Amino acid sequence: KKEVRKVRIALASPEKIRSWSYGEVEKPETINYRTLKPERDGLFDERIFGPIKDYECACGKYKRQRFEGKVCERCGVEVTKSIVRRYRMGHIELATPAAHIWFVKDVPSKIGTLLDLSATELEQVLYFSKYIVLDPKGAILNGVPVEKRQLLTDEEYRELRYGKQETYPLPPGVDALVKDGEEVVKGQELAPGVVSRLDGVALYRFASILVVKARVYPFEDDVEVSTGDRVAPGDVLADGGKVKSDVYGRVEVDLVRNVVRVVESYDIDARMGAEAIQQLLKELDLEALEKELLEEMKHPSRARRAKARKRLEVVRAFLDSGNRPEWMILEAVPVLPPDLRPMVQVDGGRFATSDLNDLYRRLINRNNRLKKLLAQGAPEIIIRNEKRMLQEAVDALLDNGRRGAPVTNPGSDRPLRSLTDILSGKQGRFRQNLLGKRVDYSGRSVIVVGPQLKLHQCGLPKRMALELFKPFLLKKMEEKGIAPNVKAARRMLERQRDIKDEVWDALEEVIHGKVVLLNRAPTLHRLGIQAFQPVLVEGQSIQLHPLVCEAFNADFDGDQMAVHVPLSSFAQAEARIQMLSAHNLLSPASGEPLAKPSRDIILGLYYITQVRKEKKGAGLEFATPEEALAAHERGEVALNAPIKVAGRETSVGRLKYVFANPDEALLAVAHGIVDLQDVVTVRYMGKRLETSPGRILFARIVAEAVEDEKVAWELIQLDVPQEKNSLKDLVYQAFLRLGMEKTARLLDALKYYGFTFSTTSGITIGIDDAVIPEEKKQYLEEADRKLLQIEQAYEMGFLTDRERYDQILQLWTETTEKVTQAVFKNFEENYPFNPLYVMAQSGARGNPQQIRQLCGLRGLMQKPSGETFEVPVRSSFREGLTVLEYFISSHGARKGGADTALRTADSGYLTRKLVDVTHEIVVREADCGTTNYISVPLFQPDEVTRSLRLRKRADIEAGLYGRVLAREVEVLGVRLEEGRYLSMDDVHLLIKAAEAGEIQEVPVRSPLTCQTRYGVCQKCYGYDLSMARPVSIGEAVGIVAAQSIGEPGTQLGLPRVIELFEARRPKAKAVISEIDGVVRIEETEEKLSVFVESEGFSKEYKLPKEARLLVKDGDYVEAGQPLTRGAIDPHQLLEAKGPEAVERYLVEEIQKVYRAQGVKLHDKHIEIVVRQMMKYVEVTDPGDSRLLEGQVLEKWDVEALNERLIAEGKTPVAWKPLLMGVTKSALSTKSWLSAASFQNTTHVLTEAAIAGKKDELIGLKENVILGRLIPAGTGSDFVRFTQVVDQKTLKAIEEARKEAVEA
Amino acid sequence: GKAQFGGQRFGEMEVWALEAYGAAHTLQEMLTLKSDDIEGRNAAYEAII
Amino acid sequence: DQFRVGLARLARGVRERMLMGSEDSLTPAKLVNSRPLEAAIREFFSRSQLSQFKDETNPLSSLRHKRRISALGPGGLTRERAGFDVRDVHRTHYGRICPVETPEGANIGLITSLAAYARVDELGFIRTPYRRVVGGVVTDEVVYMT
DNA sequence: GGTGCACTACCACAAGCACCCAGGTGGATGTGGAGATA
RNA sequence: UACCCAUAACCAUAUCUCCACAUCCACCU
DNA sequence: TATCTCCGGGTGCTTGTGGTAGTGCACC
Ligand SMILES: [Mg+2]
Ligand SMILES: [Zn+2]
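Residues numbered from 1 in each chain as written, not as in the entry; some residues may be left out. Chains lettered and ligands numbered in written order. Part of a larger assembly, values for the part shown. Heavy atoms only, no water.

Colleague: Which residues make up the protein's contact with RNA strand E, and what are the values?
Modeller: Lining the immediate environment of RNA strand E, one finds 22 residues, of which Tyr62, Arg64, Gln65 and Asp557 of chain A together with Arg68 of chain C sit closest. Sugar plus phosphate, as a fraction of atoms of RNA strand E within 4 Å of the protein: 95%. Within the side chain of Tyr62 of chain A, one N or O atom sits 2.4 Å away from a phosphate oxygen of RNA strand E. One nitrogen or oxygen atom from the side chain of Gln49 of chain C is found 3.0 Å from a phosphate oxygen belonging to RNA strand E. (Near = heavy atom within 4 Å. Polar contact = N/O pair within 3.5 Å; in protein donor to acceptor, adjacent residues only side chain to side chain.)

Here it is in structure tokens:
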């Protein structure tokens, strides 16, 4: 009944494995083809894993619900489903120990570091091959001193085991000259032809000779040491004190000559493989090793203490986590429940099986063969061989590939799939249960535009909607009398021939207030999931509101979308309130709206709010003469002056027509008197305006979509064409000053009128619309002439190939821009209403580059090598390209295709890294007592070598908007109180003030200085959301930050972002300074030597030829200043300057590339990920732990607080802030679930299993994994529970409260 | 597949977006009630009926 | 090549069959069994990578599928993972490989189709037709260059 | 008692190795086989 | 103990079959 | 004859190893 709070992972003892399993498996017999029932005690046995049938036992006497629990008469099975076979577990009792492959093959060898054993060769060779380790006795000498844990080959080992033995057959019937106890040296002539090899004793038989490097001792009395015992010097051998042992070795007494022979082999440990390891782990005690490592770490210098602590941390982890390392290797191997590896028939009796079954079968066979072999007899080499096969079988079962590649039966060279294969990998257990790849009430279909719909609605095909809401439909039509019961209703709906109009009435009844989530497959950011109100439609496709065509990256070229149906009322409220598309109009990446008018609406609105002008061939002077009104009216009566003329002060249009109200003007427009693009005098609410009726209509549209008109008039600019930027500003202002509902209604009205006027306006693209200016012709001639000159400049030898190439590239890239400028000059001069020029001027479609390609020329074309061709493309798509030019451009086409197909992959990987490293950060908080801030600059320190200038408006907006003031500032007679959120108006005021020249840096709060333990506080975070208002407490800023970072990456340089997020060493590292001083440049030709000169020292830096520096001699230089030009290694920068400097550098450098692509991204997210990126410190002055270890900055802060003030003992735990790449920070986390789920499950799980890691369920990934409620969002404790009661019951309960005070 | 269409992948990017909002129970139902909790899904179907 | 691999398998089989064979009047039966070569040919024509389902949606689809050139294949030549260096076109594709026919997606640049006038002569050497130009006259003589 | 010599601890470079190479959807076709014994 | 005292036995609760993997070809980013 | 049984390429990382200079023991 209790709730899950922590998940503990630790090693499993052999008795733990015995306790878990129900019985043991002996037969490698899965299932016979004939007997479809489980075969034997094999991997699918019934009574070892539970019944395979549904509810009946083997017999079925005591089974019924009166007496199910009473033990069965002919049976003993408690009533249960097959789910027991899903959970009940087996085990295998290996006759020989084996080691978990993870602890012996992981890069830090846990066995190899706990013991003084070499991982790469020693551990395996003792553990697989025939090598011997031995603790107790090594004092025997082989020309080598004593042994304690030394590894020796089994050849020399087996030698020293039983002395130094040699045997020589002797011919029978020949009495050799050597007697029984004769000492023999090398060269001594044992017979007419026999010679020994070494100093020893030769034993004679009738017919054999035995040369032993042993010592013989005659005696004539009783024996003290019998045959078999191994003796140490000074111990009595025989005859009492007359004969005593002289060396280590074994005693053999032969009474035939009444002699004691003592060999030189003492009883020494002999072990192979896992058992040996077990012995070691059995005799190892952790506390003494811990103390010894402590002394061996504290005294010596850093190099040895590095490995000392590397093993001491493991030892401490074992000691403090409970589980002792004796069961670090496994004796009994668990056996997975059968249903997790079922053998399922495919067709024709053949059974498809999981490879786990094959691995278990092989292991069972090897184990049984070992048991039989050890039972019958012991051929030593054969026993060792079969031990090796058993060991390799266990290792293969645990995982395949780390040692060879055990495979399926030959002919199918597919390596088998093992446990580690199931866990890890791009598609493992983690990367499918983290995902929930399958959902019940879902559908998908092609999408078509739904322009008739409002923004808070979407069209749903009636058939798939009927299918999706099937239980709701059944209940709702059961409310009426259409069907008696649920089965009849389901059968009625089970065929579409039984449909009725009453059914569709009920379906419309069900979904009156419901919402569904529409989803697009590549979900780059938060807006890829949006709720909608379904509207039943007759058709197949999904009708989609066009305005979300950019929220999703969803065009209508055939792409599909999915739909999901939330069930609980609580989830319905969630979706309808905070996911409905009407409530999400602004980006989370910045305040820029995403519900902005799209291409076609922009085109229509630009067409309706444009002013035309043609010509003035008459005396335009009109301000002066009042006769000019009549005279110029006559001129317009003739063809002297056009209606939309360029008069001096006024056009004849404003003179001729004047309108009392906008209604009158539009009514006169309806009579074809005047076009919407003609300026005319109109008397608005209080003023006379010279505007076109189109602009007046636009203003009226805005004023009608909203309620008040004064507000609408004050929030528009009716003096310019409505380009997409103007529309975006209009939408943002309306959202700011009106709210949600009115902004949505304004967007709907804008979309509708834009569609209508785009239709009636009639903009089409004809081949003649792509006008080719004639001026470019002569330009080409000029350029050609120049090229000829440059070419002859080469033929005189004045230039190199590189010089000529660069000159040609410069010439062509200049003339291209000249031509494009000429093209737009032509367009503005001659044909203002050209569809191409109109589309380019508005934000509808196209870019100046594309227009130049259409009408001008696509000059420079890139080579596959990355450079650009010498010969450009003269022709454009208005004309016809030559075959050769088309073949040339195919290079760039293919480059673009491949770059998409690969950079998308890279960017997705980057986004995954980000979202992992940031998933823990959610704003649950009180305002943290941060007396700290960041000073956002307003001036670029260096655009020229020495110059200061104000930063661009975009950068200042993206750095300051939505931030919280660190401290009060007054700049222009305005008191910006401390703690006031900076709106757009405040930022614009600050920019204007800096332009006047009053302040240069703004102190603001930031996540980079937030003191909240996990997450950031509301103040330190800021103000930007989908809304404008300050952030609600409890919403995941980390995930949205990561998504905002990653979303533009697909549409992008990027490797620079990679090497900045992942702290790396750039190849083009720039030389930097670390100490204050002066610059002494020496121009030595070998290598330019720059000296940072100080009072007591001088640092010398050598600069090669390519080292293009950027400082002048004698300049003062500080720490962290980049002396040369190039990228800066963040690590040495942190070593030199400090944390804040490197954080600022990272933020600015990351923002640089994003700006270079034109992407507008706020800096809150980069700051968040940077803060998570360097939340780690490595302690230098020890406290109660080792020194050269790095972990959480917050934890060390708490520990220092406890040590110094909370507890007695002023031990300063002096650390250094450590910067590591995003990957390492993501991996090394306190929680092991996320780390295991992220990159490498093997190493992470091994580390978390060495020491019991009680994973606390903080961070969203863990709660998703376990499936429990997310801490963020609605799960935040600040709003997790909120008692709700009506006013009348409130009065009842409060009346109970006042009477609770009795009398 | 052959018998029934099957569900739709909800992946992780969709999960990331769903938890990017304040949606908490939505993700819980869509990971357990509608996908995996056998007892949960049977009980939910019976209750909604 | 697949036929000769199967043939070598059959050769090893008949070598063994002779090895334990005693007498000699056993030429047809006790020497050659059709299982290896037949199985090898069947496997090549059924489960190979390059023997793929025909795309008979329309006659043009079938023709293009029949005259499509693939870079990947048996596996030791090129695979799907890493090919970014060779996906791009070459200056020699002019007149031999269509620089536009490649299918968008993962198999971009790897899979292509030869030009219309292309012709493999005897060994995978695409020859482009060219008209001989002698002095200032273009002769009807048409000659195929590698 | 101080420098020539030898030495040993430390850094830059080269080699071996584990691990990357995005998300979802539809469709199609393929699967213990040869020898030996009964 | 036999009147009390001595009693323990027989039937009705359901989401599943296969879909695995490999190879190949396409579609949408 | 039918069934049962043998037949990487690229990056970062880590580690290592020879090198190289500070400093410990012998000629000045
Ligand atoms: Mg599309
Ligand atoms: Zn804070």
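Colleague: Any details on the coordination of the zinc ion (ligand 2)? Residues and values, ideally.
Modeller: All names here are of chain A. Coordination of the zinc ion (ligand 2) by the protein involves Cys928 (SG), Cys1010 (SG), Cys1017 (SG) and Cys1020 (SG), with metal-donor separations of 2.3 Å. Given four donor atoms and angles of 101 to 116° at the metal, the environment of the zinc ion (ligand 2) is assigned as tetrahedral. Taking the relative accessible area as the measure of exposure, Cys1020 reaches 0% and is therefore buried. (Donors = N, O, S within 2.8 Å, 3.2 Å for Na, K, Ca; no water. Tetrahedral: all angles 85-135°; square planar, octahedral: opposite > 155°, others 65-115°. Buried < 20%, exposed > 50% of the residue type's maximum accessible area, 1.4 Å probe, protein only.)

Colleague: Tell me about the coordination of the magnesium ion (ligand 1), residues and numbers included.
Modeller: Those protein atoms acting as donors to the magnesium ion (ligand 1) are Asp555 of chain A (OD) and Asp557 of chain A (OD), and they sit at 2.0 Å. According to the relative accessible area criterion, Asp555 of chain A is partly exposed, its value standing at 36%.

Colleague: Please provide a residue-by-residue account of the sheet that holds strand 7 (residues 200-205) of chain A, values included.
Modeller: Residues and elements named next belong to chain A. Taken in spatial order, the four strands make up an open sheet running 5-8-7-6, and their pairing is antiparallel. With partners counted over all chains shown, the strands left at the sheet margins are strand 5 (165-169) and strand 6 (182-184), one partner each. For this sheet, the mean angle separating the axes of adjacent strands, direction not counted, is 30°. (Pairing = 2+ DSSP bridges. Helix = DSSP H or I, 4+ residues; strand = E, 2+ residues; numbered from the N terminus. Axes fitted to C-alpha atoms, helices over the stretch in contact; angles between N-to-C directions.)

Colleague: Let's hear about the protein's contact with DNA strand D: which residues, and what values?
Modeller: By nearness alone, 23 residues border DNA strand D, and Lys426, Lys437, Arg438 and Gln1239 of chain A together with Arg9 of chain B come closest of all. Within 4 Å of the protein, the contacting atoms of DNA strand D are 79% sugar and phosphate, with bases supplying the remainder. Contact distances for DNA strand D include 2.3 Å between a phosphate oxygen and a side-chain N or O atom of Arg438 of chain A. At 3.0 Å, a side-chain N or O of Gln1239 of chain A approaches a sugar or linking oxygen of DNA strand D. The element that contributes the greatest number of residues to the surface near DNA strand D is helix 2 (residues 35-47) of chain C, accounting for four residues. When grouped by side-chain class, the residues that make up the surface near DNA strand D number six nonpolar, seven polar and 10 charged. (Nonpolar A, V, L, I, M, F, W, Y, C, P; charged D, E, K, R; others polar.)

Colleague: For the pattern of salt bridges, give the residues involved together with the corresponding values.
Modeller: Residue and element names in this part refer to chain A. In total, this model carries 64 salt bridges over all chains according to the counting rule given. Salt-bridge contacts for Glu870 lead to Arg804; the nearest nitrogen and oxygen are separated by 3.2 Å. Remark: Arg804 occurs in helix 29 (residues 801-830) and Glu870 occurs in the loop between helix 31 (848-855) and helix 32 (883-918); sequence separation between them is 66 residues. Here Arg1056 ties to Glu1149 by a salt bridge, and the two come within 2.7 Å at their closest N and O atoms. Highlighted residues: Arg1056 in helix 37 (residues 1054-1061) and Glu1149 in helix 39 (residues 1139-1156), separated in sequence by 93 residues. Residue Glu1149 is classed as buried on the basis of its relative accessible area, which comes to 16%. Connected through shared salt-bridge partners, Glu791, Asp801, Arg804 and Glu870 make up one network. (Salt bridge = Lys/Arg side-chain N within 4 Å of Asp/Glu carboxyl O.)

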